[PDB]
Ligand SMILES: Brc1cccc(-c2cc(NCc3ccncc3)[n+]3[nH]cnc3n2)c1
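Here's a solo chain for you in structure tokens, the form deposited without the ligand.
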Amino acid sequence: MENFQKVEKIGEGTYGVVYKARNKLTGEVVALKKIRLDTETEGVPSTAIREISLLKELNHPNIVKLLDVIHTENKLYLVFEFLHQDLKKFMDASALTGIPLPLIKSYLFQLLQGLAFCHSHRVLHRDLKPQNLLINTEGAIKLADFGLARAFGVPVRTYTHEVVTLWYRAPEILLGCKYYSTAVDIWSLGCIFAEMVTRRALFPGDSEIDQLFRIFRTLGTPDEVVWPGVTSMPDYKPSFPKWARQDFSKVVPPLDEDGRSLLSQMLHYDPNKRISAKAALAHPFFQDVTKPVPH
């Protein structure tokens, strides 16, 4: 820790105050997360148990590098690679013009790559959303904040009262599914892909039930044909309105047919049919991909 000089606080979150810092010996700039933890009650929290153990196995260009973990009597410092801001902050500032399409293409390509690496190493991210995606100035984007990420060597039992964040939750979670699957990360990403395109949230609900219905109203109320098992999902109700799917063209205007194709596959209602990250990468929407730089 003596080799690190604190430069400035760069926001907070889980763990507390994140600081930008510079290694005095190597010159490297770093993001320091500090976990005062509780040295009399709870110990290391699970978020850090998870983020550390899982990140240590996930070395990828589109996943933030945990560079080090420093231990002492009563502090645990985590040293991460530095990236100056998140997609949420970059979207709030790109409202007016919008993130240009080719930069959305490149962010989605990279995000799918990192998520593909996660899924194939049996890790569900679990909390994919714009504030948990970081960017540099050269056009890279990375999955961050693995605090809720979980290994799936055995299926992951869901929270009963979900915590993750309403607007990016998959309808299976909204319907009380018992286990998560890789698909829930895909749904989040597709909602994120939409949000970058149209500048608004895809399904900005105001309650769990309103969220379900905002989804049902846009993509149509699902049924056994579309989604084998729906009527049997724990929180399904026969009284749910049967909406007919509106036109997807008007839902994501700027997207060409290829983009709409990919988006609708990332938002399939049945989890087993939802496109995976691996296949999404071969989608034609990515044949003209480049790496532009954001302004």
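Each residue number is its position in the shown sequence, starting from 1. Under this definition, the rigid core comprises the largest set of C-alpha atoms superposing within 1.5 Å between the forms.
The following text describes the form solved in complex with the ligand, which does not appear among the structures shown.
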property: Open or blocked: the ligand superposed from its pose in the deposited bound form, cut-off 2.4 Å to backbone or C-beta; result: blocked
property: Contacting member of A194, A170, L108, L134, with respect to the ligand in the deposited bound form [4.5 Å, heavy atom]; result: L134
property: Within 4.5 Å of the ligand in the deposited bound form, all of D256, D288 and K291 (non-hydrogen atom); result: no
property: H84: touches the ligand in the deposited bound form, heavy atom cutoff 4.5 angstroms; result: yes
property: Close approach of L281 to the ligand in the deposited bound form, 4.5 Å, heavy atom; result: no
property: Partner proximity in the deposited bound form: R199 to the ligand, non-hydrogen atom cutoff 4.5 Å; result: no
property: is_contact(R260, the ligand) in the deposited bound form, heavy atom dist at most 4.5 Å; result: no
property: Partner contacts for 1-17, taking the ligand in the deposited bound form and a 4.5 Å heavy atom cut-off; result: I10, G11, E12, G13
property: Residue among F213, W167, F117, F82 with C-alpha shift of 2 Å or more between this form and the one not shown, core superposed; result: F82
property: Exceeds or equals 2 Å, Cα of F146 between this form and the one not shown, core fit; result: yes
property: Yes/no, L255 Cα shift of 2 Å or more between this form and the one not shown with rigid core fixed; result: no
property: Is_shifted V7 between this form and the one not shown (CA, 2 Å cut-off, rigid core); result: yes
property: Cα separation of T14 and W167 in the deposited bound form versus here, shift of 3 Å or more; result: closer
property: Cα separation of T14 and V184 in the deposited bound form versus here, shift of 3 Å or more; result: closer
